[PDB]
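Trainee: Here is the sequence, then the experimental structure:
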Amino acid sequence: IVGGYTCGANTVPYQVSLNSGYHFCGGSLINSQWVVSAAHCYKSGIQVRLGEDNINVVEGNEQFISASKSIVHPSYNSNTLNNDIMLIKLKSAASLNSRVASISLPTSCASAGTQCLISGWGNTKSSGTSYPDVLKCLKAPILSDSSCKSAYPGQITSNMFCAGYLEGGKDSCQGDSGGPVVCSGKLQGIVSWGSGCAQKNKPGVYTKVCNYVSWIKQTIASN
Ligand SMILES: [Ca+2]
């Protein structure tokens, strides 16, 4: 997260870190045994880390649970990043509490102008590289489809939306991938892609979660 703020320990209780020896992606806990992340975060040997603030220090509220299976969306295209969504099942159910909690799926799609919270442990520089140990947060509005398409001609599908600031300086970034965009207590987006980070006229692009609710529910119900 570039141009954000320190969230505060366990203030984003649905935020998870995906770990394969090191943090490589974010995710969102949507019930006691399932996480939603980006399909481009797919790999084998995933451990889900819940209750994290400083990802380099054991602070006492963590739960570390290995993934038993991952399910990438059947229509994911890694070239265009269309359908950039995946489900991860935990080997055992997380113990839910005030600091480890699920986030509700949308019942309807959020509109342009809606304020959302974007969070993660990604790069905090738009030019350099600096990775924070503690969770970073950014409040950002969803942008109009027209402005999103104008920023990225030929690249925005019906399964994507832009959020952030056309002026630049405030954005998600490398390492935030797969993490949450939550608006009015609903998971509306997943950190997917963008050109650099926090660049003028290149806002963050996010997977449009409301398009996938039926798939998520049906997949969870049979797996
Ligand atoms: Ca920790």
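Mentor: All right, it came through fine. Numbers count the residues shown, from 1 in each chain.

Trainee: Quick check: phi and psi on the closest residue to residue 155 other than its chain neighbours?
Mentor: Computed as C-beta to C-beta, 6 or more residues apart in numbering, the closest residue to residue 155 that is not its neighbour in sequence is residue 80, at 7.4 Å. Any C-beta I mention is one placed from the backbone N, CA and C, and that applies to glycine too. The phi and psi values for residue 80, taken as degrees, to the nearest 10, are phi -90, psi -10.

Trainee: Share the number of residues neighbouring residue 80, please.
Mentor: 14 (other C-beta atoms under 10 Å).

Trainee: Break this structure down into its structural domains.
Mentor: The chain breaks down by curated CATH domains into domains covering 1-12+103-210, 13-102+211-222.

Trainee: wait, which of these is closest to the ion?
Mentor: Closest to the ion of those is domain 13-102+211-222 (C-beta to the ion; 4.7 Å).

Trainee: and the closest one, how far out from the chain's middle?
Mentor: Chain-centre distance of domain 13-102+211-222: 9 Å, with C-alpha atoms, centre = their mean, to the nearest Å.

Trainee: rewinding a little: and the gap between the residue nearest to residue 155 and residue 157?
Mentor: Residue 80 is 7 Å from residue 157, where distance means C-beta to C-beta, to the nearest Å.

Trainee: what do you get for residue 74?
Mentor: 16 Å.

Trainee: Between those two, which is the more surrounded one?
Mentor: A count of neighbours by other C-beta under 10 Å puts residue 157 above the other of residue 74 and residue 157, at 17 against 8.

Trainee: so what's the backbone phi/psi at that one?
Mentor: phi -90, psi 180.

Trainee: my guess is it contacts residue 84, does it?
Mentor: No - in this structure residue 157 lies outside contact range of residue 84 using C-beta atoms under 8 Å: 9.8 Å.

Trainee: In this protein, what residue spans correspond to helices?
Mentor: For the chain, the helices defined by DSSP state H cover 145-151, 213-221.

Trainee: if I look at the spatially most central residue of the chain, how far off is residue 116?
Mentor: Centroid-nearest residue in the chain, with C-alpha atoms, centre = their mean: residue 179, separated by 1.6 Å. Distance of residue 179 to residue 116, given as C-beta to C-beta: 12 Å.

Trainee: Please apply the same query to residue 16.
Mentor: On the measure of C-beta to C-beta, residue 16 and residue 116 end up 18 Å apart.

Trainee: Kindly report the same for residue 150.
Mentor: The value you get for residue 150 to residue 116, if C-beta to C-beta is used, is 20 Å.
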